[PDB]
Amino acid sequence: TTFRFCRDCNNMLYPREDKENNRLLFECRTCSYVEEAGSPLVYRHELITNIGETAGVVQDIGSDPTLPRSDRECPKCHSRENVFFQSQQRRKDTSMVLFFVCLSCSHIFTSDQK
Amino acid sequence: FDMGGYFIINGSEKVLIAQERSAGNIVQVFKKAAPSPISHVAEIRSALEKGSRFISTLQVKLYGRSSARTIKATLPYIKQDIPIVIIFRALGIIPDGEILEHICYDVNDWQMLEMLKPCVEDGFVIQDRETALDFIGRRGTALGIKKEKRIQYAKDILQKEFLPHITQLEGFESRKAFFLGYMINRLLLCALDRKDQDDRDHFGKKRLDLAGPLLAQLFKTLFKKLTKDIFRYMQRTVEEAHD
Amino acid sequence: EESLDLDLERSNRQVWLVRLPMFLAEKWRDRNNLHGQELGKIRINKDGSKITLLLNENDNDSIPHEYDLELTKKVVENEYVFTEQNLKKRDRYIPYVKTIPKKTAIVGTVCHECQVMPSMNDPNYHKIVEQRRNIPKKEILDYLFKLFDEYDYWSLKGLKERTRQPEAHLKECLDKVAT
Amino acid sequence: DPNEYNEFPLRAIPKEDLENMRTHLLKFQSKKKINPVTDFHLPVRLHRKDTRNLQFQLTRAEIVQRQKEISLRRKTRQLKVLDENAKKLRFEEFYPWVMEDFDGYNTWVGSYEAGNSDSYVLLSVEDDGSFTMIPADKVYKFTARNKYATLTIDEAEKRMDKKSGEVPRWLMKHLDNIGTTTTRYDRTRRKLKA
Amino acid sequence: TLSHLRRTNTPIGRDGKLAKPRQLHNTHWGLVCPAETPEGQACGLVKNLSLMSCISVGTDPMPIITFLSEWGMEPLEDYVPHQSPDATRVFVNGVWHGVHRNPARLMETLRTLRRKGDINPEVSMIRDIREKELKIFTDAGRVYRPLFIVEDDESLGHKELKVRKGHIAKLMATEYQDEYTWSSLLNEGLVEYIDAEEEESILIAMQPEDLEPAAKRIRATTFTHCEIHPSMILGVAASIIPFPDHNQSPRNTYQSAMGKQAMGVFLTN
Amino acid sequence: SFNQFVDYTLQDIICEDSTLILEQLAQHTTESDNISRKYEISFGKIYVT
Ligand SMILES: [Zn+2]
Ligand SMILES: [Zn+2]
């Protein structure tokens, strides 16, 4: 789904079809470089998504003082310290699942058990 | 006990009150209502202490809700809502992936790239800066020694008037490109709902002015009235004398 | 006169690129200085990765003498520095657009970008931080006959200096012949 | 330090050399390494020209082939004040810098940078090992242009207008097969053949 | 009169909405009195500053940008997103000037150098580390209020505010002298101005001992600041309300409206 | 606010726009040449009482 660029000249590659050999050949519209396509997938709309609750993590989230602290442990390092905080996505239907990030194992883990 | 910062005009104690406004030169986004053809917008106010009031509004508008995924922008003195790949090429970023690197930051995410792919297809036709700058945006004044629109005139617009912060002199188009890319980034975050709608009613995004700025404004404007009267009677002294 | 093209022998030259703080950049852009005198010393490692500047005592210690080199860009491509001297002295082609091509010589390729930073442990260093924080009917009838012989539409204002006479006398004399 | 290094504390420019110099800095905007002494069909002329109809402007090889074949004021005004050095800079960069080969196969269009042209200084080694200090004046950035048979503003406006709900993906390929607005190298090759 | 000197007034229009700023917002804390509003068609239009509330008069930013240049950023001219995937953008009054690799050292350095007094303390700074951003504000128009600083670490142990009994004893001695000032406490860094914009990097304590050690009424461990006194969120006439917790809020509203219409004495001359 | 506006921003608002010149060389050809008659007016330091 990614947007490849011509290695000779960093420009947006477009799909165009072979006339007789029946293959998608990503030809550059700037220069004459051409490349066959790995998959017949071209375009993808994705009208439904549920993604974005997790990321935005820096390696020193716990360096900020404002995050609360708890005593549930990381289930890799067993250290009782932690940093917990809710979803990083905000829709009007995002969940009350929580995200728990530790400093010792430096790992993200949740509290869902379904 | 009369600690009081007032003024004494005509035998009357007289005080001025603070005025407020939104802070200028700071990013906001709005979510306009569904039935309009615009959905997500942005704004920058401006003031540079404060020659000819330096208003210079800006907006970037967004179309459809669907298949009308396009991003046009408006600038003075352009009456047409200009698509933005034209602006990137005109400011001097030709290769397409570098416009994409100006806009987004993590190449691994892709939702912005499908957001921008119809806009690149809008910008598929014009492949040169002065050809992009050749788009008219007439709005006055009359053409000088031109052909249709002077590229010198368009570059004079982009230097002198647009974005009256980071520079207005001659040579910082890459700072302009980065600033616009950050603006497009935050607009796309508001459109894709990873980040939320901003608030107008928060306090720190407002400012409070006082007697300093008020006397500054009125003193500047009456000083300009003064200076135009100084230029008056200098043409009138065709005859004597230097009074 | 001379060749209009560019020199190419000085192209093959590695160039190191330095940024500089402002007080330093003022003393190192002195044209009253810069005659060939040696003003600092350098110390690299065998593996590199730490280069310090040993500034000589020409500065008189208002600034430090201990400085470090911050090689931000160790490998540099396509960066070329040139020089310029003014010259010794469908198919419409314009060979003269009043372009003034010069005796220009490409004289170096940048290979290493670096920077001299004032080593904060120096006592003269951070002193600069408080500095930065602190800061005649018959004859004239023949004469006018010559004047219309000289030019047909002679000016009335130009008639004034050619006469330098009473103008009422001149006006009466002008009306008798022509305009 | 043990002398494992090329110690040469700086010599400097002759001051009498130092008048009439302008020593700028050049950069190309491409990931691949470019060396013009290896690439260009020399002779190479550096000129400061306008760029209006530069695609329609003739190449130097085409010029050489053509040469071989031929052989009341209202008494009141105001100059609102402006900095003389800024005006001189504006009139200097009224035309930008362009270098190209004699063939016109590769051409490069320059532009001006104002962000860091003051603080830079040059450590260029000499043949003996000397390090002359040349204080830089301005830095210029060059990009390639018309390497790929660029299009026309008019028919570009007709594609921009809503004549098609979507323009053809290989419309540029169809125009190139028609042969309209070909490359500068192709035009120079056709002119040399003719 | 001492009420009427500190007044503020916005324009809106004729009718307006209601979630729009006719009613109060949570951002208003420590700055404007939540009781002293006028009544009748303009309630929530005019509003009245806090007691220690102070306004920003601006300071020119070029020593700050040159300082920032000297302590190391990449100026944007050679930025590339691939080779700098995670560095922090730097803003000064909504202007891009830098992207810089190491944010924490730069932030603590700017905070220590404001405390030592080589920067005008009106300047404000925010580390929104969640978005890898940094802000610098130095214009005229901001509102700020004092705070008590806290160092987390302590040789005596847990966590403590820096000011001690000897400093306030010296303040008492200078007051009854009839050479410390508020500024002469500010210069060595014991209080610190914090604007209306910063507080989201800051945890606040209500009382000087609210959780600082580790029937009348009913009442974390990572504080950095405590208020001088919780009573001083009020305004001018709101001070005069005796026991202002011990009533209902619209009574405070009519009291602040009423107190402007009181006679008595106004001056002595 | 008052003390700040009295101390600064007034010399700034003068020196921002104090320049005004009308230099009349000849305003036509010759007049031989005439001289570049620099009618120059500008404001320097300001004063308060
Ligand atoms: Zn290509
Ligand atoms: Zn673990």
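Method-wise, the PDB entry is recorded as coming from cryo-EM, at a reported resolution of 3.8 Å.

**Concerning the overall build of chain F**
The number of helices and strands found in chain F is two helices and two strands. When its helices and strands are written in sequence order, chain F yields α-α-β-β. Projected onto its principal axes, the C-alpha coordinates of chain F cover approximately 55 × 20 × 10 Å. Contacts in chain F between residues at least 24 apart in sequence constitute 26% of all its contacts with a sequence separation of at least 6.

**Observations concerning the domain arrangement of chain E**
Residue and element names in this part refer to chain E. Each assigned domain of chain E is listed with its residue range as follows: domain 1 (58-139) and domain 2 (140-235). The distance between the C-alpha centroids of domain 1 and domain 2 comes to 26 Å. Roughly 1300 Å² of surface becomes buried between domain 1 and domain 2 when both sides are summed, with 44% attributable to carbon and sulfur atoms. Taken together, domain 1 and domain 2 are joined by four salt bridges. One salt bridge connects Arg115 with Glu192, and the closest N-O pair in it is separated by 2.5 Å. Where domain 1 meets domain 2, there are nine residue pairs in polar contact.

**Structural notes on the interface of chain E and chain C**
Taken residue by residue, the interface counts seven residues in chain E and 10 residues in chain C. Put simply, the parts of the chain that give the side of chain E that touches chain C at least two residues each are α1 (62-70) and α2 (103-116) of chain E. Of all the elements, α1(E) adds the most residues to the side of chain E that touches chain C, at three residues. Class assignment for the residues of the side of chain E that touches chain C results in four nonpolar, no polar and three charged.

**Comments concerning the coordination of the zinc ion (ligand 2)**
All names here are of chain A. For the zinc ion (ligand 2), the full set of protein donor atoms is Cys74 (SG), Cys77 (N), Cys77 (SG) and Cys105 (SG), and the range of their distances to it is 2.2 to 2.3 Å. Classification of the site at the zinc ion (ligand 2) as irregular follows from its four donor atoms and the range of 41 to 162° in their angles at the metal. Here the donor residues for the zinc ion (ligand 2) map to a single chain with the spacing C-x2-C-x27-C.

**Concerning the pairing of strand β2 (residues 25-28) of chain D**
Two faces belong to every sheet, and in a regular strand the side chains alternate between them. Here β2(D) shows two buried faces, one formed by D:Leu25 and D:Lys27 and the other by D:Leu26 and D:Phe28. In this structure, strand β5 (residues 79-85) of chain C lies alongside β2(D), joined through three bridges in antiparallel fashion. Considered in β2(D), the bridge of C:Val81 is made with D:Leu25. The sheet contact formed by β2(D) and strand β8 (residues 139-144) of chain D spans four bridges and is parallel. Paired with D:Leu26 across the two strands is D:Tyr140, which belongs to β8(D).

**Side note on the coordination of the zinc ion (ligand 1)**
Six octahedral donors around a metal ideally sit at 90 or 180 degrees from one another, while four tetrahedral donors ideally sit at 109.5 degrees. Residue and element names in this part refer to chain A. Every protein donor of the zinc ion (ligand 1) is accounted for by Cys6 (SG), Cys9 (SG), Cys28 (SG) and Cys31 (SG), and the metal-donor separations fall at 2.3 Å. Around the zinc ion (ligand 1), the four donor atoms sit at angles spanning 99 to 119°, and that spread fits a shape best called tetrahedral. Sequence spacing of the donor residues for the zinc ion (ligand 1), all on one chain, is C-x2-C-x18-C-x2-C. The exposure classification of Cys6 matches that of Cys9, with both residues buried.

**Observations regarding the sheet that holds strand β4 (residues 88-91) of chain E**
All names here are of chain E. The strand order across the open sheet built from four strands is β5-β4-β7-β6, with neighbouring strands paired in mixed fashion. Each edge of the open sheet is held by one strand with a lone partner, namely β5 (96-100) and β6 (124-128). Ignoring strand direction, the axes of neighbouring strands in this sheet form an average angle of 15°. Inspection of the sheet shows β4 paired to strand β7 (residues 133-137) by two bridges, in the parallel sense. By the bridge assignment, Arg89 is partnered in β7 with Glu133. Across the sheet, α2 lies against β4, β5, β6 and β7, angled at about 155° from β6, the strand it touches most.

**Structural notes on empty space enclosed by the protein**
Residue and element names in this part refer to chain B. Its boundaries defined by the atoms lining it, the largest cavity holds a volume of some 230 Å³. Those elements that place two or more of their residues in the lining of the largest cavity are α1 (84-91), α4 (129-133) and α5 (151-160). Partitioning the lining of the largest cavity into residue classes produces 16 nonpolar, no polar and no charged. Empty space within the second largest cavity amounts to approximately 130 Å³. Lining the second largest cavity are 14 residues, with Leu58, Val60, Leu75, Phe162 and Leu180 sitting closest to its centre. Mapped by element, the contributors of at least two residues to the lining of the second largest cavity are β6 (58-63), β7 (70-74), α1 and α6 (173-192). Looking at the lining of the second largest cavity, its residues break down into 12 nonpolar, two polar and no charged.

**Quick word on the pairing of strand β6 (residues 103-118) of chain C**
All names here are of chain C. By the criterion of burial, β6 is predominantly enclosed, with 14 of the 16 residues buried. Here strand β1 (residues 14-19) pairs with β6 via six bridges, running parallel. Looking across to β6, one finds that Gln14 is bridged to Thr109. By the bridge criterion, three bridges tie strand β4 (residues 66-69) to β6 in an arrangement that is antiparallel. Bridged to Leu69 within β6 is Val116. Bridge analysis of β5 against β6 gives six bridges, and the strand direction is antiparallel. Across the sheet, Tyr80 pairs through a bridge with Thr109, a residue of β6.

**With respect to a positive patch on the surface**
Residues and elements named next belong to chain B. Taken together, the side chains of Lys224, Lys225, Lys228, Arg232 and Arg236 make up a positively charged region of the molecular surface. Relative to the helices and strands, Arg236 is located in the segment after α7 (211-231). Given the relative accessible area of 63%, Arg236 is considered exposed.

**Details of the packing of aromatic side chains**
Within this structure, the stated rule accounts for 18 aromatic pairs over all chains. With 5.6 Å between their ring centres and 45° between their planes, B:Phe178 and E:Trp96 make a pair best called tilted. With one member in each of two chains, B:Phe178 in helix α6 and E:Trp96 in strand β5 form a pair that bridges those chains. Grouping residues by exposure puts B:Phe178 and E:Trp96 together as buried.

**Overview of the interface of chain D and chain C**
With 53 residues of chain D in contact, the opposing surface of chain C contributes 47 residues. Elements with a contribution of two residues or more to the side of chain D that touches chain C: β1 (11-12), β2, α1 (36-39), β3 (45-48), β6 (121-125) and β7 (131-135) of chain D. Counting residues per element, the side of chain D that touches chain C draws most heavily on β6(D), at five residues. Grouping the constituent residues of the side of chain D that touches chain C by class yields 27 nonpolar, nine polar and 17 charged.

**Concerning a nonpolar patch on the surface**
A cluster of nonpolar side chains, contributed by B:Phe7, B:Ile9, F:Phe2 and F:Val6, occupies part of the molecular surface with about 340 Å² of accessible area. A residue is classified by how much of its surface remains accessible, and B:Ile9, at 42% relative accessible area, is partly exposed.

**Notes on the arrangement of the chains**
Here 11 pairs of chains are in contact, and chains C and D lead that list by number of contacts. No interface is formed between chain A and chain C, the nearest pair of C-alpha atoms being 16 Å apart.

**Regarding the state of the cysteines**
Using the criterion set out here, one finds one disulfide over all chains in the structure. There is a disulfide in this structure between A:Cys74 and A:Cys77, and the S-S distance comes to 1.6 Å. Here A:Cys74 and A:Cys77 share a disulfide; its torsion about the S-S bond, -85°, makes the bridge left-handed. Its relative accessible area of 0% is what places A:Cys74 among the buried residues. Its relative accessible area of 29% is what places A:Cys77 among the partly exposed residues. For the unlinked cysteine B:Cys119, the closest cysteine sulfur is that of B:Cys104, found at 15 Å. Classification of B:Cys119 by relative accessible area gives buried; the value is 2%.

Rules and cut-offs
Residues numbered from 1 in each chain as written, not as in the entry; some residues may be left out. Chains lettered and ligands numbered in written order. Part of a larger assembly, values for the part shown. Heavy atoms only, no water. Residues with missing side-chain atoms left out of burial classes, pairs and counts. Helix = DSSP H or I, 4+ residues; strand = E, 2+ residues; numbered from the N terminus. Contact = heavy atoms within 4.5 Å. Domains from an automatic or database assignment. Buried area = accessible area lost by both parts, 1.4 Å probe. Salt bridge = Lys/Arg side-chain N within 4 Å of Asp/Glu carboxyl O. Polar contact = N/O pair within 3.5 Å; in protein donor to acceptor, adjacent residues only side chain to side chain. Nonpolar A, V, L, I, M, F, W, Y, C, P; charged D, E, K, R; others polar. Donors = N, O, S within 2.8 Å, 3.2 Å for Na, K, Ca; no water. Tetrahedral: all angles 85-135°; square planar, octahedral: opposite > 155°, others 65-115°. Buried < 20%, exposed > 50% of the residue type's maximum accessible area, 1.4 Å probe, protein only. Pairing = 2+ DSSP bridges. Axes fitted to C-alpha atoms, helices over the stretch in contact; angles between N-to-C directions. 1 Å grid on protein atoms, 1.4 Å probe; cavity = no way out; pocket = protein on both sides within 12 Å on 5 of 7 lines; lining within 4 Å. Points joined across faces, edges and corners; volume = space filled by probe spheres on them. Patch = residues over 30% accessible without salt bridge, like charges linked within 9 Å, V, L, I, M, F, W, Y side chains within 5 Å. Areas by Shrake-Rupley, 256 points an atom, 1.4 Å probe, with all protein chains shown as cover. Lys, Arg positive; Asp, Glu negative; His and termini not counted. Charge placed at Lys NZ, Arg CZ, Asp CG, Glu CD. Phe/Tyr/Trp six-rings, centres within 6.5 Å; stacked < 30°, edge-to-face > 60°. Disulfide = S-S within 2.5 Å.

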